[PDB]
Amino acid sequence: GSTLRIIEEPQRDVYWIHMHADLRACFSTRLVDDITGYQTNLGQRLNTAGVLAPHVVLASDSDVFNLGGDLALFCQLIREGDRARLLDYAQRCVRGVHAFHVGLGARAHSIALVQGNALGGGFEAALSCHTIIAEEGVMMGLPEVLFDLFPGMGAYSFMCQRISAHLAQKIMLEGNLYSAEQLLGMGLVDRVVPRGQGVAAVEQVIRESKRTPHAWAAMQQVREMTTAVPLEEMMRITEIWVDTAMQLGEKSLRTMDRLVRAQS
């Protein structure tokens, strides 16, 4: 769990997950394992304690939110032809984001606090939460498509919850980066605040939300039988993602190599 800085507030049942406590700021296998590990642990305690409508905040201790998938790993596994290991990584990432999407199995309120740039998997992670709070500037998008890498952490599924299937498709293929304000007008982020005011915004959401715990839980039950993204669906999409990733040529791999270096 060295990759995470955890702050737990049992009294009010608010829990903070800070990524990149070990520090590129990406979803390394260690970070993914640490996140899923904590999600499972926290979810178990919440269930066992019978807590109603807990809040879980996803944040970052880095100057960026999260740069997405572990491109260095992708290049290694693709060049080695290790589909099995790549698929496993993808599935673990999906379990992570889906957990936020369904409230860790504890009907929790997941809040993404984006105070830096969120690219690829990073943007997907934010979209997996119930509420997205971003500061100015910040920059969010899936530019990885520009070297022909299909987004692999539920971008389409999560976006369709907020926008049309067609627009979601356009955004995913275009490879553009959007400002927090642009995303707000697009309905992809919920609140935009000045720099350094992110945490304050999160507290506002919590305070307002904590006044309707049963209503929240009920809403979550309804989502579960209606609009919720099925984990089984996301897994079938990971098969598509891995198959496409494994077909990346050296041009793409080399570009990914250069990106890692520039960011690292």
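Throughout, we count residues from 1 along the sequence that is shown.
A.B. asks: Between residue 23 and residue 24, what class does the number of missing deposited residues fall in: none, 1 to 3, 4 to 9, or 10 or more?
C.D. replies: Missing residues, residue 23 to residue 24: 4 to 9.
A.B. asks: On average, which has the higher Cα B-factor in the deposited entry, 120-128 or 83-91?
C.D. replies: Between 83-91 and 120-128, it is 83-91 that shows the higher mean C-alpha B-factor.
A.B. asks: Comparing 134-142 with 97-105, which stretch shows the greater average C-alpha B-factor in the deposited entry?
C.D. replies: Here the higher of the two C-alpha B-factor means belongs to 134-142.
A.B. asks: Report the option among 67, 53, 49, 57 whose CA atom has the maximum B-factor in the deposited record.
C.D. replies: Spelled out: the listed residue with the top C-alpha B-factor is 49.
A.B. asks: Classify residue 44 as lowest, middle or highest third according to the C-alpha B-factor given in the PDB entry, relative to its own chain.
C.D. replies: Highest third of the chain for residue 44's C-alpha B-factor.
A.B. asks: Test of reading the entry: by CA B factor among the chain's modelled residues, which third contains residue 205?
C.D. replies: Tercile = middle for this residue's CA B-factor.
A.B. asks: Check where residue 111 lands among this chain's C-alpha B-factors and tell me if it's the lowest, middle or highest third.
C.D. replies: Its C-alpha B-factor belongs to the lowest third of this chain's values.
A.B. asks: When the modelled residues of the chain are sorted by Cα temperature factor, does residue 237 land in the lowest, middle or highest third?
C.D. replies: Its C-alpha B-factor belongs to the middle third of this chain's values.
A.B. asks: Mind checking which third residue 193 falls in for C-alpha B-factor across the chain?
C.D. replies: Tercile = highest for this residue's CA B-factor.
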